[PDB]
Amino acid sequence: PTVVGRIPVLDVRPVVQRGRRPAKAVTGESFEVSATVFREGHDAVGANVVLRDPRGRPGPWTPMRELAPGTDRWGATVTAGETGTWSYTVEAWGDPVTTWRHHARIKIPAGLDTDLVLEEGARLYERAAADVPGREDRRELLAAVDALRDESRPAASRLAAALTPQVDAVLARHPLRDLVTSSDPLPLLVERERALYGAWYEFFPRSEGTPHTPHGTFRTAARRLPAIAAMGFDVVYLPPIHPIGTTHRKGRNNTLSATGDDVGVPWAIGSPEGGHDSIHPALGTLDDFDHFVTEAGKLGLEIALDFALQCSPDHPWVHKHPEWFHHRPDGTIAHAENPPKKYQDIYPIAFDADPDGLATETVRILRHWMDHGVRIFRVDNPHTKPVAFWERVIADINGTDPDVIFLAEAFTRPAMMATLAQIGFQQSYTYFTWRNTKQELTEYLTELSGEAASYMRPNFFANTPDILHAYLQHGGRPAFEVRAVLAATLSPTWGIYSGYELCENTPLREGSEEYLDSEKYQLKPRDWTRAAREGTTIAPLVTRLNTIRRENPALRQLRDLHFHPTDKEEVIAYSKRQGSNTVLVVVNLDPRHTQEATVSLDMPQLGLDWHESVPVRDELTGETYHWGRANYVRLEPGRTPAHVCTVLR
């Protein structure tokens, strides 16, 4: 038996790990299946994609086309339906009608064999008719057969009868396919909408307290939720909610020794009060947390908990499972590191003495929180734990609960970042914060929206508690506005960390990405009410961006994205589409100076002719413009960060 079939169909994509892991989609998402298809000799081929759902049922007739002439690379778009494990096959075949037509069109005007050629077409059409289930369509092809065979009529006329539009449409729907050959099936995992699409908000409950009790509880912090819903967020990502160690606790601003009142770092998980299955006593009880989760649910908010597989020196695991830590010869456990960053307040887990026990406990913890309505976990620094460990944990949890979503906070090298997505992380943090120029943004999003999109779903946090980028530091409010726009329109998932709205941009010191007086080491109460009344918050912009997203399907996908040239380096332009919805964005990346540019749109890339002029509405302002091949824009920092335009029907 041969590896290549009768009609070669090779190198089907997407493929992940050579077919050993599935390619990804979410319900209702479209993507391109491609293949290399050709045959021996000079006759034409065709191809189509057969997409199978979890019960094995084939989808609709999905014909492919050659993506560029003479390349033998064929493609077609497919669309994922319900969640679960699907499979896709590419079928290739000889296309004898297209071949016959080609020759007929030359030979009949040339008087060469006109009877023999026409009879050959007659027979092709007969075979095509036999496979057609429609009675009307069958009658139509057979009327062509009779015409082709009518030796009473001129050659040119008999041929024309076989090339009518209504003959084409029947053959387009039901082609004569010779020597049908299939690739081996490739696996596709289809997950829920939120894996790809969602707007995220991170805050620390303990900061949302009162005058009498500064350390916030779940009951007091629930009061922030309506404001977060009103900004159009879907997911609230909480830092670790557990007790916090006292041994080597850090103080304010990442000092080494905490003083009497210091609250410490939430990631230094565990004390005698409990571990990863417990609630910090100062946030309240498990019932309080259920209340917080219920109230979020009513506002259309899901909770994502932080999961940081690591311990403070006072976590019960230290004494109950010493073999989950690596001990030096004197018995001590070296504190974790991400050099030059030191984490004196925590111990990293060692996985090679009792991998099974770690696995079993890890999934039990996750299942505990799942039973309390947390169906999303933001996994802290996964790349310092074994890759195969996450592969096993995720498979175990998604085996019973396939709706659970894992976000990988892996700020590290590409190989590892890719691998973690491929072994099952539904979402990944990305290099976004370090893509600020037009070159950087264009290259990186070309990468994310291209081949990487078959295994990685990006979550664009414009800031995190650990990343306050120089661009926001030096750019002030207008920089916060630009990054919001970019994040929210370039990725169908994005997020901000509370304080972003208020344009908090004071670093620990020049050349650092840490915040001064970081919320990681202290309570950080904020006058939300004052900011709203004094208008020193960008919440209204954020709110508007999420509404636009909710209103335009094109922004709820990733893969369809195109960059349109401008004559200014500071000005970037791009479009995204989904069905008839098209969104066109132009952003001035200069946060200090007004930029005027000419934006030269790739009209065909919008599905318009070059001369055409399409009306647009800038959804940020409600203003309308008539735009075409070449468009003057003028963008003043502080007044306008960007145009975010929809193309009107």
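Heads up: residue numbers just count along the shown sequence, starting at 1.
**Student:** State which stretch shows the higher mean Cα B factor in the entry: 454-462 or 278-286.
**Tutor:** Looking at the record's C-alpha B-factors, the answer is 278-286.
**Student:** Averaged over C-alpha atoms, is the B-factor higher for 150-158 or for 335-343 in this PDB entry?
**Tutor:** Averaging CA B-factors over each stretch, the winner is 150-158.
**Student:** Just the C-alpha B-factor column, please: which of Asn48, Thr36, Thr598, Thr27 has the biggest number?
**Tutor:** The C-alpha B-factor peaks, among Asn48, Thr36, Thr598, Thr27, at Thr598.
**Student:** Kindly indicate the residue among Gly198, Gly424, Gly111, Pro240 with the greatest C-alpha B-factor in the PDB record.
**Tutor:** So the option with the highest C-alpha B-factor is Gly111.
**Student:** Based on the entry's values, in what third of the chain does the Cα temperature factor of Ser498 lie: lowest, middle or highest?
**Tutor:** Answer is lowest: the recorded C-alpha B-factor places it there.
**Student:** Quick check on the deposited entry: does the C-alpha B-factor of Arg375 sit in the lowest, middle or highest third of its chain?
**Tutor:** Answer is lowest: the recorded C-alpha B-factor places it there.
**Student:** Please place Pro133 in the lowest, middle or highest third of its chain according to the CA B-factor in the PDB entry.
**Tutor:** Ranked within chain, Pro133 CA B lands in the highest tercile.
**Student:** For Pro205, does the deposited CA B-factor place it in the lowest, middle or highest third of the chain?
**Tutor:** Lowest third.
**Student:** Is the Cα B-factor recorded for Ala172 in the lowest, middle or highest third of its chain?
**Tutor:** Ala172: CA B-factor falls in the highest third of its chain.
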